[PDB]
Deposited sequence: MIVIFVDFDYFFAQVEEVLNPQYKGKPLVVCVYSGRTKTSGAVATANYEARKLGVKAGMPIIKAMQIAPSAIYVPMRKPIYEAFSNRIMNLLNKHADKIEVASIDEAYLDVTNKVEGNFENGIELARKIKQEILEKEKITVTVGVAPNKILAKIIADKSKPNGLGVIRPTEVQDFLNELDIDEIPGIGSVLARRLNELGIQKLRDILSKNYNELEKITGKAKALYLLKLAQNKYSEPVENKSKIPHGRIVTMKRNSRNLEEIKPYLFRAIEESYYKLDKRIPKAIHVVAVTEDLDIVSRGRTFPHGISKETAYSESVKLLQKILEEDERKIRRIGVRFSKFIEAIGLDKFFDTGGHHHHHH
């Protein structure tokens, strides 16, 4: 398999500089409100210590010279959509992982030769750069997971590569904390059990391991540690779809809300097109503007009716638990196929 993973560097900030070039070379911080937080920081801003998730208040007191802009999501979606469309032209299959990440299966495209894959990846960085002035990072590897890992090692504006010949040697010297699913709490204690690198997984009690990691993840690590891990690039998009409609007025009455919720399972569902969700979320935004959501997960796609049936059920649950008044109601679909 030949996977190219493409990661748009600090995408929201890059989009702002492309739109407003006078922002280039000065700190720029993109802000998100739900006090607000940093969604993205450009280079000069990051260089001063501004990080994603940081409260705007703390950011200002380390980058007072930064320009702080509000997040303009619809326009970032427009750029992303365009770049995704550049991508799928070069791919057999493309998995959109988020607004700024995509995995391309180009196996059948470079006629199976990893070398022409690397060059394809170059052409792809250059194309995006010429046409959209967006710099991206790419990783080229035999699978999705390796492609990502080496991509993150190559930040920013990079091109990282793990040749099929190098896979085993690479997997071997790989620290355990560099592995997705392995956060701080359990890296800490895989270390306490003598596991420092992914190879150490091979030489361990599978039961003393299992009891802290979990069955499915122990499996994951084993399969990974022996180059027997491979999940395919599914041709799809993981970006949640849905819309939230503003109501006539505040309401906590199930029957007043019900049709509003029912109509959102149209205004979005038409735009949903071919893809089929496994998860439903009713999103309620209070008069307070707080977000109250009840999601459920079903190992089955979602017909128009399977929504309604579980829709109001979840709307119930929301009303039956929160006391706040509700101003807008909506729906979010995820886990597509």
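Unmodelled segments of the deposited chain, in sequence order: 35-39, 343-361.
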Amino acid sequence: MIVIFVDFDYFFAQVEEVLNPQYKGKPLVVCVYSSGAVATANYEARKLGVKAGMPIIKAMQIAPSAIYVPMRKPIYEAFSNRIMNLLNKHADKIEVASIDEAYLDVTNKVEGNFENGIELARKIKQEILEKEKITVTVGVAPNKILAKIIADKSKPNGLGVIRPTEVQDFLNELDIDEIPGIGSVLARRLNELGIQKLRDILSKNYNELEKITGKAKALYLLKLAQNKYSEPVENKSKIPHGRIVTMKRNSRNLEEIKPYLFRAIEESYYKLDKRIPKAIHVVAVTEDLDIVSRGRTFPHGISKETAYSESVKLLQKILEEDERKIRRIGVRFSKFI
From here on, numbers count along this sequence of modelled residues.
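Remark: stretch with higher mean C-alpha B factor among 210-218 and 175-183 is 210-218. The PDB entry reports B-factors from which the mean C-alpha value can be compared for 114-122 and 201-209; the larger average falls on 201-209. In this entry, the residue among 143, 135, 81, 196 with the greatest C-alpha B factor is 196. In this structure the maximum Cα B-factor among 157, 88, 235, 165 is found at 165. Ranked against the other modelled residues of its chain, the C-alpha B-factor of residue 1 as given in the entry falls in the middle third. Annotation for residue 304: C-alpha temperature factor in the highest third relative to the rest of the modelled chain, per the entry. Among all modelled residues in this chain, the alpha-carbon of residue 279 has a temperature factor (C-alpha) in the middle third. The entry lists a Cα temperature factor for residue 76 that places it in the lowest third of the chain's modelled residues. When the modelled residues of the chain are ordered by C-alpha B-factor, residue 55 sits in the lowest third.
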